[PDB]
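Here the structure is laid out as structure tokens; the discussion comes afterwards.
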Amino acid sequence: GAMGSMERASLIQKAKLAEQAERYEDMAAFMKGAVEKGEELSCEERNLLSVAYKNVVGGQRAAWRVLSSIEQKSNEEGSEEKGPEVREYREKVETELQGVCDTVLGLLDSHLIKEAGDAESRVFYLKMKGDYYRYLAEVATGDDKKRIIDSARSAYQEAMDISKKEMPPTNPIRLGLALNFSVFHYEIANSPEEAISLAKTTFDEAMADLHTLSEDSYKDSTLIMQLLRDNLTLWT
Amino acid sequence: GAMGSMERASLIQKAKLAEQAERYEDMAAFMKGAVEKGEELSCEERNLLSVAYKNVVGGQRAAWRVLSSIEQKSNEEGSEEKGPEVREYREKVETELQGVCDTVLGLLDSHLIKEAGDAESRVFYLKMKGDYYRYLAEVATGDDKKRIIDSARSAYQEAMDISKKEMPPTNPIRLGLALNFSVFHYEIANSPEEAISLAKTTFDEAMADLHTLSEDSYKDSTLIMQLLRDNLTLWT
Amino acid sequence: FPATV
Amino acid sequence: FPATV
Ligand SMILES: N=C(N)c1cc(-c2cccc(NC(=O)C3(Oc4ccccc4)CCCCC3)c2)cs1
Ligand SMILES: N=C(N)c1cc(-c2cccc(NC(=O)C3(Oc4ccccc4)CCCCC3)c2)cs1
């Protein structure tokens, strides 16, 4: 690791600077370096890690979708043969995306999840594990696709079980986990009814717990509740 | 060059795909590979090259400005010492920016400019040479800053001389060259009066030649004329 | 595409 | 910042 000689605190400081500069690849590299120092991550640090890689992989996913769409059109009846280039370049972006996902999954497995004992850390990391297997599933087409899907499902399910036992229904990590697991059901697992049920139950149970919250906590929880509602509106 | 084994036509095809996917680093790498095949570039190919590196360096410049601003605040009276990290990371981004500029300038020097005989190619490349020395000037602070500025000035001036002899005043390359040389005067050379004079004369001479143009040529020329006017409004 | 966070 | 193209 090229960050091995940099202080942990300096890596975290530079991750925050990279964020302000919208340099998310740098941000991710700094936070990978910080994780590899071997200490547990604080709440702020976990979110720096997640923001960085979410932005990096999000851009890869958007590019992959553009190229996949072009590739699918090149294969319709009537298209002129353009050669191997569209497939090659889609494969290039795909392989880079898989590499980023494997990197994040590797950090979670060595050794963030096994040292995470508090609900807020363990659920956070298991959600990430589900998310990055979900991104692998989005591009998967081979002998391993079912197993990738089941790896996402299993991580999301463990996170869900912990979150229902240990966090209130308005907890933003619990809400975001449910939002994403619901999308997993709809888009990956071919289970739209499960997706809709999960989003609705999550929304309704959160609604009933809003009365316990401060104004600032209310703002955070209702933001994600609105995303649940947005998806329900898309799907119904 | 890692693109040495890829066909020229495939590199150009993939540059266009990268553009559609907003993958401008890839686009620039593909077009560098195409230039290094040694053949002259067509009009479309020149613009693919320019779009790619403009987007890459534009993002670097935006990040550099964010970090420079943070660095300057850290050095005001009253600031708490944050350590070397802001300077280090600004330097990191700066060095990467300089590297990209040096790469583009190297392509122009080996051997795009020397083989460019037509006005539309030679002016295009000399404008690029001025632009990338201008970006180097934006971050320059040492013994070489005056020489970097003069290198930008000299490239812009040769481009201007050719464009006035060989292109009509509405030619979009001529207009864009004048726009950028005017910004060079205002922002780099501490010559706001020269910047304003150049923008106004360019605008007025273009206005008087619009009557010769087709509807599509009119749209292109008036777009850049509006940028000249925008700058004049900013500066007066 | 649907919303995720 | 001013416009360039
Ligand atoms: N970027 C940065 N420098 C920083 C971000 C934070 C920070 C601190 C607490 C919670 C959060 N965020 C969350 O716990 C989640 O995101 C939310 C999104 C909307 C509302 C509430 C939370 C919950 C859902 C999954 C993704 C994380 C971040 C500190 S510093
Ligand atoms: N991106 C792409 N796949 C492609 C871009 C092109 C293409 C073809 C002709 C002219 C241009 N552009 C220009 O000559 C300039 O830009 C213009 C900007 C506004 C109006 C007119 C021109 C003139 C000013 C300096 C920068 C180049 C591009 C083909 S393909």
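Residue numbering restarts at 1 for every chain of the structure tokens, chains are lettered A, B, ... in their displayed order, and ligands are numbered from 1 as they appear.
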Give me, as a ChimeraX atom specification, all polymer residues having an atom no more than 8 Å from stretch 220-231 of chain B, counting only C-alpha atoms and skipping those fewer than 6 positions away in the same chain.
/B:170-172,175-176,179,199-200,203,206,210 /D:2-4
Please give me, as a ChimeraX atom specification, the residues lying within 10 Å of ligand 1 when counting only C-alpha atoms and all ligand atoms.
/A:12,15-20,42-52,54,120-121,123-124,127-128,171-180,216-225,227 /C:4-5
Which residue is closest to chain C? Choose from A:111, A:14, A:8, A:61 and count only C-alpha atoms.
A:61
Using only C-alpha atoms, select each residue of chain A with any atom at most 6 Å away from an atom of chain B, and give the selection as a PyMOL selection string.
chain A and resi 21+63+66
Since we have the selection now, will you write its residues out, keeping N, CA and C atoms, as a compact mmCIF listing (two decimals), in the first residue's frame?
```txt
# COMPACT_ATOMS: atom_id res chain seq x y z
N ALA A 21 -12.84 18.75 -2.67
CA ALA A 21 -12.39 18.93 -4.04
C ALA A 21 -13.07 17.99 -5.04
N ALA A 63 -21.21 4.64 -16.21
CA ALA A 63 -20.51 4.41 -17.48
C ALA A 63 -20.83 3.04 -18.04
N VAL A 66 -24.19 3.04 -19.77
CA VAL A 66 -24.13 3.68 -21.09
C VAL A 66 -23.59 2.69 -22.11
```
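Reported to one decimal place, the separation of atom CA of residue A:148 from atom CA of residue A:134 is 7.7 Å.
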What separation in Å, quoted to one decimal, exists between atom CA of residue A:236 and atom CA of residue A:190?
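Pair atom CA of residue A:236 / atom CA of residue A:190 returns 15.5 Å.
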